[PDB]
Every structure is written in C-alpha cells, then in structure tokens.
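Participant: What follows is the file model.txt, containing compact mmCIF, C-alpha atoms:
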# COMPACT_ATOMS: atom_id res chain seq x y z
CA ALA A 5 -10.22 21.25 149.73
CA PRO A 6 -10.65 17.65 148.51
CA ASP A 7 -9.61 16.65 145.01
CA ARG A 8 -9.83 12.88 144.96
CA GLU A 9 -7.36 12.24 142.18
CA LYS A 10 -5.01 14.66 143.90
CA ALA A 11 -5.70 13.17 147.30
CA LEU A 12 -5.51 9.69 145.79
CA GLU A 13 -2.21 9.99 143.90
CA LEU A 14 -0.66 11.32 147.08
CA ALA A 15 -1.94 8.40 149.08
CA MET A 16 -0.81 5.89 146.51
CA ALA A 17 2.66 7.46 146.42
CA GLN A 18 3.07 7.22 150.19
CA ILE A 19 1.88 3.58 150.05
CA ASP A 20 4.40 2.65 147.37
CA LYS A 21 7.19 4.38 149.27
CA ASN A 22 6.20 2.72 152.52
CA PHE A 23 6.05 -0.75 151.01
CA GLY A 24 7.67 -0.69 147.58
CA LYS A 25 6.57 -0.06 143.99
CA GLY A 26 3.56 -2.19 143.12
CA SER A 27 2.13 -2.07 146.62
CA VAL A 28 -0.96 -0.76 144.89
CA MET A 29 -1.84 0.09 141.31
CA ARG A 30 -4.71 0.66 138.87
CA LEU A 31 -5.43 -2.48 136.85
CA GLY A 32 -5.67 -0.65 133.57
CA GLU A 33 -2.28 0.81 134.41
CA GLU A 34 0.55 0.55 131.88
CA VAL A 35 3.84 -0.05 133.73
CA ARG A 36 6.85 1.75 132.32
CA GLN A 37 9.19 0.14 134.85
CA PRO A 38 11.08 -2.17 132.50
CA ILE A 39 12.62 -4.31 135.21
CA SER A 40 15.21 -6.85 134.30
CA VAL A 41 13.32 -9.98 133.28
CA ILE A 42 13.73 -13.57 132.10
CA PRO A 43 11.63 -14.45 128.98
CA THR A 44 9.14 -17.11 129.97
CA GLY A 45 9.50 -18.78 126.60
CA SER A 46 5.89 -17.74 126.03
CA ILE A 47 5.30 -14.45 124.26
CA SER A 48 1.73 -14.20 125.59
CA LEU A 49 2.83 -15.04 129.14
CA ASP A 50 5.62 -12.48 128.77
CA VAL A 51 3.08 -9.79 127.96
CA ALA A 52 0.68 -11.12 130.57
CA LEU A 53 3.39 -10.35 133.10
CA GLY A 54 3.49 -6.80 131.82
CA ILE A 55 7.32 -6.74 131.89
CA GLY A 56 8.43 -9.25 129.30
CA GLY A 57 8.98 -12.25 131.52
CA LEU A 58 9.88 -13.23 135.03
CA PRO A 59 11.32 -10.32 137.00
CA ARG A 60 14.82 -10.85 138.45
CA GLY A 61 15.79 -11.09 142.13
CA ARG A 62 12.24 -12.27 142.76
CA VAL A 63 10.46 -15.26 144.19
CA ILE A 64 8.22 -16.86 141.59
CA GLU A 65 5.62 -19.51 142.39
CA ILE A 66 4.36 -21.63 139.50
CA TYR A 67 1.53 -23.77 140.83
CA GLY A 68 -0.91 -26.10 139.13
CA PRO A 69 -1.94 -29.78 138.68
CA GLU A 70 0.54 -32.35 137.43
CA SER A 71 1.30 -32.28 133.70
CA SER A 72 0.08 -28.71 133.17
CA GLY A 73 3.35 -27.41 131.77
CA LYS A 74 4.77 -25.79 134.86
CA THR A 75 8.15 -27.48 134.38
CA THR A 76 8.35 -26.71 130.66
CA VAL A 77 7.99 -23.02 131.40
CA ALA A 78 10.58 -23.30 134.15
CA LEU A 79 13.01 -25.05 131.82
CA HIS A 80 12.53 -22.40 129.07
CA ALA A 81 13.17 -19.69 131.62
CA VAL A 82 16.47 -21.41 132.43
CA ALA A 83 17.43 -21.73 128.78
CA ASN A 84 16.82 -18.05 128.08
CA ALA A 85 18.80 -16.97 131.14
CA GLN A 86 21.67 -19.19 130.03
CA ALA A 87 21.68 -17.64 126.58
CA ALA A 88 22.18 -14.30 128.30
CA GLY A 89 25.24 -16.01 129.69
CA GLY A 90 23.52 -16.57 133.02
CA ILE A 91 24.20 -19.45 135.39
CA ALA A 92 21.39 -21.76 136.55
CA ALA A 93 20.79 -24.19 139.40
CA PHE A 94 18.11 -26.90 139.77
CA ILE A 95 17.25 -28.01 143.31
CA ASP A 96 15.76 -31.43 142.56
CA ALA A 97 13.66 -33.30 145.11
CA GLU A 98 11.39 -35.24 142.77
CA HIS A 99 14.01 -36.82 140.56
CA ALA A 100 11.72 -36.27 137.58
CA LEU A 101 13.75 -33.90 135.43
CA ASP A 102 14.55 -35.31 131.98
CA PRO A 103 17.63 -33.54 130.61
CA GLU A 104 16.94 -34.59 127.06
CA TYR A 105 13.69 -32.68 126.94
CA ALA A 106 15.70 -30.00 128.74
CA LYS A 107 18.16 -29.49 125.89
CA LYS A 108 15.35 -29.59 123.34
CA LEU A 109 13.95 -26.50 125.05
CA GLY A 110 17.38 -24.99 124.55
CA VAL A 111 18.94 -25.67 127.94
CA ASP A 112 22.67 -26.18 128.32
CA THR A 113 22.49 -29.15 130.67
CA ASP A 114 26.20 -29.80 131.00
CA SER A 115 26.56 -26.37 132.55
CA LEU A 116 23.48 -26.68 134.78
CA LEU A 117 23.90 -27.10 138.51
CA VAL A 118 21.80 -29.86 140.04
CA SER A 119 21.39 -30.78 143.64
CA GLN A 120 19.26 -33.59 145.03
CA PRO A 121 18.89 -32.79 148.80
CA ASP A 122 18.45 -35.18 151.71
CA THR A 123 15.89 -33.09 153.57
CA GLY A 124 13.67 -30.09 153.11
CA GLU A 125 16.06 -28.13 155.30
CA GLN A 126 19.05 -29.14 153.25
CA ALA A 127 17.37 -28.35 149.93
CA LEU A 128 16.50 -24.83 150.98
CA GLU A 129 19.86 -24.31 152.67
CA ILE A 130 21.76 -25.53 149.62
CA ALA A 131 19.63 -23.15 147.58
CA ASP A 132 20.33 -20.21 149.89
CA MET A 133 24.07 -20.78 149.95
CA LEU A 134 24.12 -20.80 146.18
CA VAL A 135 21.92 -17.74 146.00
CA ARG A 136 24.14 -15.43 148.07
CA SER A 137 27.12 -16.21 145.85
CA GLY A 138 25.35 -13.83 143.48
CA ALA A 139 26.50 -15.95 140.58
CA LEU A 140 23.07 -17.31 139.65
CA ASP A 141 20.59 -15.69 137.28
CA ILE A 142 17.94 -18.26 138.02
CA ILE A 143 17.36 -21.16 140.42
CA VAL A 144 14.49 -23.61 140.21
CA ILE A 145 13.13 -25.73 143.05
CA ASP A 146 11.20 -28.63 141.53
CA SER A 147 8.61 -29.43 144.08
CA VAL A 148 7.46 -27.41 147.05
CA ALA A 149 5.54 -30.36 148.39
CA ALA A 150 8.73 -32.41 148.33
CA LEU A 151 10.51 -30.12 150.82
CA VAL A 152 9.51 -32.49 153.63
CA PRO A 153 11.15 -31.66 157.00
CA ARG A 154 14.04 -33.76 158.27
CA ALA A 155 11.96 -34.63 161.27
CA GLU A 156 9.45 -36.31 159.03
CA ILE A 157 11.91 -37.83 156.59
CA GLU A 158 13.39 -39.42 159.62
CA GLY A 159 11.43 -41.79 161.81
CA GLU A 160 9.80 -38.94 163.65
CA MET A 161 6.43 -39.47 165.44
CA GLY A 162 2.76 -39.30 165.71
CA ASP A 163 3.52 -36.84 168.59
CA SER A 164 5.11 -33.65 167.22
CA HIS A 165 2.43 -33.57 164.62
CA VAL A 166 3.07 -29.95 163.86
CA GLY A 167 2.79 -27.48 161.00
CA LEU A 168 6.58 -27.81 160.66
CA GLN A 169 6.91 -27.95 156.87
CA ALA A 170 5.00 -24.70 156.57
CA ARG A 171 7.23 -22.73 158.87
CA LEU A 172 10.18 -24.62 157.46
CA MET A 173 9.48 -22.77 154.23
CA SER A 174 8.51 -19.51 155.93
CA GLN A 175 11.83 -19.01 157.75
CA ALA A 176 13.62 -20.14 154.58
CA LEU A 177 12.00 -17.52 152.39
CA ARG A 178 12.34 -14.91 155.11
CA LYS A 179 16.11 -14.96 154.70
CA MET A 180 16.49 -16.07 151.09
CA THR A 181 14.38 -13.26 149.60
CA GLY A 182 16.68 -10.52 150.85
CA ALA A 183 19.67 -12.25 149.30
CA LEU A 184 17.75 -12.91 146.11
CA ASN A 185 17.21 -9.15 145.76
CA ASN A 186 20.88 -8.30 146.24
CA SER A 187 21.89 -11.21 144.01
CA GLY A 188 19.30 -10.41 141.37
CA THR A 189 18.55 -14.11 141.07
CA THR A 190 15.08 -15.24 140.14
CA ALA A 191 13.78 -18.13 142.15
CA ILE A 192 11.05 -20.24 140.60
CA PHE A 193 9.24 -22.53 143.01
CA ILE A 194 7.44 -25.35 141.25
CA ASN A 195 4.22 -26.17 143.11
CA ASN A 196 2.25 -29.32 142.27
CA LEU A 197 -1.31 -29.05 143.55
CA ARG A 198 -2.23 -32.73 144.12
CA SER A 207 -1.19 -30.67 154.48
CA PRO A 208 -3.45 -27.50 154.32
CA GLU A 209 -2.34 -24.88 151.77
CA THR A 210 -1.17 -24.84 148.16
CA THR A 211 1.07 -27.93 148.61
CA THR A 212 1.89 -27.41 152.40
CA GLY A 213 4.61 -24.69 152.23
CA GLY A 214 2.99 -22.55 149.56
CA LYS A 215 1.15 -20.72 152.33
CA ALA A 216 4.01 -18.30 152.76
CA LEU A 217 5.00 -18.54 149.12
CA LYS A 218 1.65 -16.86 148.54
CA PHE A 219 2.99 -13.89 150.53
CA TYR A 220 6.67 -14.00 149.66
CA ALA A 221 6.32 -14.21 145.89
CA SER A 222 6.28 -11.10 143.73
CA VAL A 223 4.73 -13.12 140.95
CA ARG A 224 2.43 -16.14 141.07
CA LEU A 225 1.47 -18.28 138.08
CA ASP A 226 -1.57 -20.53 137.88
CA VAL A 227 -0.59 -22.99 135.15
CA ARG A 228 -3.41 -25.22 134.03
CA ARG A 229 -4.14 -27.65 131.20
CA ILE A 230 -7.21 -26.73 129.14
CA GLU A 231 -7.23 -28.48 125.76
CA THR A 232 -5.74 -31.19 123.55
CA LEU A 233 -4.50 -29.99 120.19
CA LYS A 234 -5.94 -32.39 117.57
CA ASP A 235 -5.62 -31.02 113.96
CA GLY A 236 -7.78 -33.74 112.52
CA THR A 237 -8.71 -36.59 114.77
CA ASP A 238 -5.50 -37.43 116.68
CA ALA A 239 -3.01 -36.28 119.38
CA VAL A 240 -0.52 -33.50 118.67
CA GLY A 241 -0.13 -31.67 122.00
CA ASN A 242 -1.91 -29.73 124.77
CA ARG A 243 -2.93 -26.10 125.17
CA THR A 244 -1.98 -24.62 128.50
CA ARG A 245 -3.47 -21.58 130.20
CA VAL A 246 -1.68 -19.52 132.80
CA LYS A 247 -3.18 -16.84 135.01
CA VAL A 248 -0.99 -14.26 136.72
CA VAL A 249 -2.87 -14.28 139.99
CA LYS A 250 -0.23 -12.30 141.75
CA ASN A 251 1.98 -9.60 140.26
CA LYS A 252 3.81 -7.06 142.37
CA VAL A 253 5.63 -5.36 139.49
CA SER A 254 2.74 -5.06 137.09
CA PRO A 255 -1.07 -5.18 137.17
CA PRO A 256 -1.97 -8.81 138.04
CA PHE A 257 -4.81 -11.05 136.92
CA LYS A 258 -3.73 -11.08 133.27
CA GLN A 259 -3.92 -14.39 131.36
CA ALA A 260 -2.06 -16.19 128.60
CA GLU A 261 -2.40 -19.35 126.52
CA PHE A 262 0.10 -21.38 124.57
CA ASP A 263 0.61 -24.73 122.90
CA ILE A 264 3.15 -27.36 123.90
CA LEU A 265 3.42 -30.28 121.52
CA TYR A 266 4.55 -33.74 122.57
CA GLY A 267 8.31 -33.76 123.08
CA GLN A 268 8.39 -30.11 122.14
CA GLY A 269 8.33 -27.07 124.35
CA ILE A 270 6.21 -23.98 123.98
CA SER A 271 5.32 -23.70 120.28
CA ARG A 272 6.51 -20.38 118.90
CA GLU A 273 4.46 -20.53 115.70
CA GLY A 274 1.55 -21.49 117.91
CA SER A 275 1.93 -18.29 119.89
CA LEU A 276 2.42 -16.34 116.67
CA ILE A 277 -0.81 -17.65 115.19
CA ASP A 278 -2.64 -16.92 118.44
CA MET A 279 -1.38 -13.44 119.11
CA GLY A 280 -1.43 -12.56 115.45
CA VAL A 281 -5.16 -13.17 115.27
CA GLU A 282 -6.38 -11.25 118.25
CA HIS A 283 -4.07 -8.43 117.28
CA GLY A 284 -5.45 -8.29 113.74
CA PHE A 285 -2.19 -8.90 111.83
CA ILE A 286 -3.43 -12.29 110.88
CA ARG A 287 -7.02 -12.46 109.69
CA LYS A 288 -8.75 -15.63 110.74
CA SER A 289 -12.06 -16.07 108.96
CA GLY A 290 -13.82 -19.23 110.09
CA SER A 291 -11.57 -22.30 109.45
CA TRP A 292 -9.01 -20.58 107.21
CA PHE A 293 -6.01 -18.50 108.36
CA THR A 294 -4.37 -15.84 106.17
CA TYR A 295 -1.59 -13.31 106.54
CA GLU A 296 -1.30 -10.26 104.29
CA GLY A 297 -3.34 -11.93 101.59
CA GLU A 298 -1.23 -15.09 101.87
CA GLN A 299 -2.92 -18.46 102.33
CA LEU A 300 -1.89 -20.00 105.67
CA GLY A 301 -4.09 -23.07 105.65
CA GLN A 302 -7.31 -24.12 107.36
CA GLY A 303 -7.00 -25.44 110.88
CA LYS A 304 -4.62 -23.96 113.44
CA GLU A 305 -2.31 -26.89 112.69
CA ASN A 306 -1.82 -26.41 108.97
CA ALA A 307 -1.13 -22.83 109.95
CA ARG A 308 1.41 -23.91 112.54
CA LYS A 309 2.93 -26.09 109.87
CA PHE A 310 2.81 -23.39 107.23
CA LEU A 311 4.57 -21.02 109.58
CA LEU A 312 7.06 -23.58 110.86
CA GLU A 313 8.05 -24.09 107.21
CA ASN A 314 7.83 -20.56 105.79
CA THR A 315 10.15 -19.18 108.45
CA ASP A 316 10.43 -15.87 106.60
CA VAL A 317 6.74 -15.31 107.24
CA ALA A 318 6.06 -15.74 110.91
CA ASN A 319 9.24 -13.77 111.34
CA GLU A 320 7.72 -10.65 109.85
CA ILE A 321 4.67 -11.49 111.97
CA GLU A 322 6.76 -11.94 115.09
CA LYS A 323 8.25 -8.63 114.04
CA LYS A 324 4.88 -6.96 113.51
CA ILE A 325 3.52 -8.41 116.73
CA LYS A 326 6.70 -7.53 118.64
CA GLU A 327 6.42 -3.97 117.42
CA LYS A 328 2.80 -3.25 118.35
CA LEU A 329 3.35 -4.35 121.93
CA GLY A 330 7.06 -3.57 122.47
CA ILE A 331 10.19 -5.58 123.23
CA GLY A 332 13.11 -3.21 124.10
CA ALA A 333 12.79 0.58 123.99
CA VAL A 334 12.80 2.81 127.09
Rewrite the structure of this file - the entire thing - as structure tokens.
Facilitator:
Amino acid sequence: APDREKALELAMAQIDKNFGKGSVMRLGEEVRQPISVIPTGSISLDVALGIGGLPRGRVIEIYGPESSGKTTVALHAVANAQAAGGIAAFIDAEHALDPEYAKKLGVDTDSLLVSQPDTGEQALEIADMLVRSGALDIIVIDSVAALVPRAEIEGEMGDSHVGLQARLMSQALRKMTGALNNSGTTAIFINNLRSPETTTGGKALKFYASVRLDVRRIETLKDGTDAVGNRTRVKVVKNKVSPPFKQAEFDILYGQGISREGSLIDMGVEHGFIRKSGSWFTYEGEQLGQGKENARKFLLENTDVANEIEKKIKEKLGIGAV
C-alpha cells in the first residue's frame, strides 16, 4: 500500500494547508509562486531569495555586525518600493540615518516618513498605527536593540530585572504581523549584533519573520593597493516563501550603494556569459580589463555592454514571466 512519494506529497500538502505555503519544502525545489516582492537592490540577493527580492506583507529581519551593509540594503529596498510609487516609513531609534547617502541610493527622502520614538513601546506602536493604514509598501525599523522598554528608559530599577524587552517585541509582532499581511507592507527589522538573543528582541523575530538575512562583511575591494569598497555576503538563513540557506555576495563602494556592474561581473562569470580566465575578464570576445576593478570600470563606462549582459543574465534566470 505504501508509495513514499505518494504518501509524502500528501503529507506535505496537509502540512502546507495546516500552516501555510512554505511550511515545508525540498531544498532543490524551484518555487513558481511569484509573490509580490521588493528588489533588494542586489541581483544575487534577489535570486538568493528565490522570488526576486523581499516578499511583501512580511516581517524581514536583517541581522549582522555593525558596518556590514544591512542599512544600505534596507535603503535600496525603500528606493525601489518608492519607484513603484510606494510609500515608505523609517522608524528611527539610532539617529544614524544619513539622508544624503539615502538619495544616492535612489531614495526620495523628502517623501519619506521618519519617526524618532521616545520608547520601545512608542516606536512599535507608531509603526503599527502606520502599518494598518495600509498605505505603506515598506517600513524599516533601524535598530532592534534600540527598542528599549519605557520602564528601562525611565529610571526603573535593579528590581524588576525582567526579560521585558523580549516580550515587548513579542506582543508587538504578534499583532503587527496580521496587519502587515492585510496591508501588504514589508517590514524590515534592522538587527545589529554587537541581553540574551540576537540583540534582545530578535528572539521572537527569529520566529515571526518569513525571511531572515545574515549580512556580513567579508572583504575589502582593493584594485591595486588601496581602498575602494567592501564586499558583503548575505545568507538567507530563513525563508518561508522559498528554499532557504541560499547565499549572495555584492560590492558596496565608499559613498556608493550596491555596485550594479559589480554584481554583473560576478553573476556573469559563474553563469558563463562572461569568461574570466585568470586575471583578465572578457565578454563575447571583448576585452574587459584585468582585475575586477578595471572590469567594473569598463562596464560602468561602456553602459551598452553590461546592459546586454544584465539582459543575458536576467534572461537565463528570469525576471517577470508567469
């Protein structure tokens, strides 16, 4: 009577229906559920997600050490959502945001909503109120660690030494998520790994997020013998709308955001559109230059190339079909 694949597909189906799509899936699976997404500003990270970017109406945690690029991604995500005529809101509690860099990544600052809360409670509550207005495409909370409870921001004591901040974020996500789904607003929580969890309240975030990114800094782009930028690496540790555990890498130059040409050169190579013999890069017989940089330059300048590549690369994988 037993046919494992028959008995298995049935199980899996019941599981997905009991808890949602993505409750369980084969890793080698190829999701054909083109959810609505927000381009991460990183082609590789957009493929790594399996859907083309951050899914909408979802909680997204972007954790990592300081300076790893978490914010840059976040900002790009906002820019892209704005271009699709979406409205964005930034719950600030670090007071770090630089709007100039913001615009450079293509963000329309003047039209951005910014709030700088008085307490963790407030910050989340202000965020929730905005969310259920269903007018937001995306909303970014700058620091999860900064959502310190009002009982601690105040002179409160060495007595009620509780786990307060943690449940402060648990009850907050418990009610915000639902709204977020109706609203279709993507919530990106920026988590700075520097309290006993990923930054105190990221203990629930681990369970409430449909997607979790592990941003990390891995290299320092040099070109010759000097500073040009840093290569970041992201790992999709959690993905409830596509097979998780995928990885992506991209360059972010000083004062610049995620380098397009960089991505192009990277993804072109592995995908054999751009042949990279040792040192020297070449595209369709054309001389790109030796050293990832000269290639980035070459591309940055010969915009007609690098556009056919983007094309070629965009085709092979897929950008908008269904």
Participant: Residues at most 10 Å from range 227-243 of chain A, counting only C-alpha atoms, excluding those fewer than 6 positions away in the same chain, as a VMD selection string?
Facilitator: chain A and resid 66 to 75 77 195 to 196 259 to 271 274 302 to 306
Participant: What does the distance from CA of residue 218 in chain A to CA of residue 65 in chain A come to in Å, to one decimal?
Facilitator: 7.8 Å
Participant: Neighbouring residues of range 100-105 of chain A were defined as those with any atom within 10 Å, considering all atoms listed in the file; residues of the same chain fewer than 3 positions away were excluded. Please report them as a VMD selection string.
Facilitator: chain A and resid 75 to 76 79 94 96 to 97 108 to 114 116 146 to 147 267 to 269
Participant: Pick the closest to residue 27 in chain A from A:139, A:15, A:307, A:81: which is it, counting all atoms listed in the file?
Facilitator: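 Result for the nearest residue to residue 27 in chain A: A:15.
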Participant: Have a look at A:329, A:183, A:12, A:31 and name the one nearest to residue 255 in chain A; count all atoms listed in the file.
Facilitator: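 Looking at the shortest contact to residue 255 in chain A, the residue is A:31.
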Participant: At what distance in Å, to one decimal, does CA of residue 26 in chain A lie from CA of residue 10 in chain A?
Facilitator: 18.9 Å
Participant: Do you have the CA of residue 276 in chain A-CA of residue 258 in chain A distance handy?
Facilitator: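 One can read the CA of residue 276 in chain A to CA of residue 258 in chain A distance as 18.5 Å.
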Participant: Go through A:36, A:25, A:250, A:136 and flag the residue nearest residue 61 in chain A, using all atoms listed in the file for the distances.
Facilitator: A:136
Participant: Point out the residue among A:287, A:60, A:89, A:209 with the least atom-to-atom distance to residue 184 in chain A, counting only C-alpha atoms.
Facilitator: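 Between A:287, A:60, A:89, A:209, the residue approaching residue 184 in chain A most closely is A:60.
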Participant: Pick out the residues sitting within 12 Å of residue 52 in chain A, and hand them over as an MDAnalysis selection string; count all atoms listed in the file, and ignore anything fewer than 4 positions along from it in its own chain.
Facilitator: chainID A and resid 34:35 43:44 46:48 56:58 223:225 245:251 253:262 279 329
